[PDB]
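Here Cβ is always computed from backbone atoms with ideal geometry, including for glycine, and neighbour counts include all displayed protein chains. Please treat every number below as a calculation from the coordinates, not as lab data.
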Amino acid sequence: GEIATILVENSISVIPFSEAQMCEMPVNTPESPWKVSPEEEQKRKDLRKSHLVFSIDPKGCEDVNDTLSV
RNA sequence: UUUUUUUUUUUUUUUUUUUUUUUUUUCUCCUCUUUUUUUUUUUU
């Protein structure tokens, strides 16, 4: 009840989305997961082999932003 | 040696109809005390 009060009062929504607002989703299905269409591999410039990328990240970091490489 | 007569289960069937959830009261009302209100910054 207290958490709910803090939400309602401070103007924050707790409603999951609707069908048409969900459905426009990237299909990360097991029968066909995501993988890059090769024309975009052309158009971009890969570095997954010739350079090292890693990250330190806070405990519990289910979603990383920060990365660097020198 | 004991004849003859004294009716019985109401008659009738071939009549029209154009609405509609509910329904009807109760008054004015003293919110107590460190504050201006804090604020960049970075790791989600």
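Alpha carbon centre of segment A:8-44 versus segment A:51-69: separation in Å?
Cα centroid to Cα centroid, the span is 21 Å.
With runs of 4+ DSSP H residues as the only contributors, calculate the mean residue ellipticity of chain A at 222 nm using -39,500 (n - 2.57) per run, divided by the residue total and rounded to the nearest 500. Mind showing how you got there, number by number?
Details: 3 runs with 19 residues, N = 70.
After summing the helix terms and dividing by residue count, I get -6500 deg cm²/dmol.
Which one of A:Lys59, A:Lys45, A:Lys35 has the biggest mean-square fluctuation once chain A is modelled by GNM with Cα springs under 10 Å?
Result for chain A, Cα springs under 10 Å: A:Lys59 fluctuates most.
Extending each Cα 7 Å along its Cβ direction at A:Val70 and A:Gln21, get the distance between those two points in nm, one decimal.
Result for the modelled spin labels: 4.4 nm.
What translational D, rounded to a whole number of µm²/s, comes out for chain A from Stokes-Einstein when the hydrodynamic radius is the Kirkwood one over Cα pairs, at 4 °C and 1.567 mPa s? Walk me through the intermediate numbers first.
On the way: Rh = 17.4 Å.
Rounded, D is 74 µm²/s.
Please report, in debye to the nearest 20, how large the charge dipole of chain A is about its Cα centre when each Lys and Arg carries +1 at its beta carbon and each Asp and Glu carries -1 there. Intermediate values should be presented prior to the final figure.
Details: 7 positive and 13 negative charges, 103 e Å.
Its charge dipole is roughly 500 debye.
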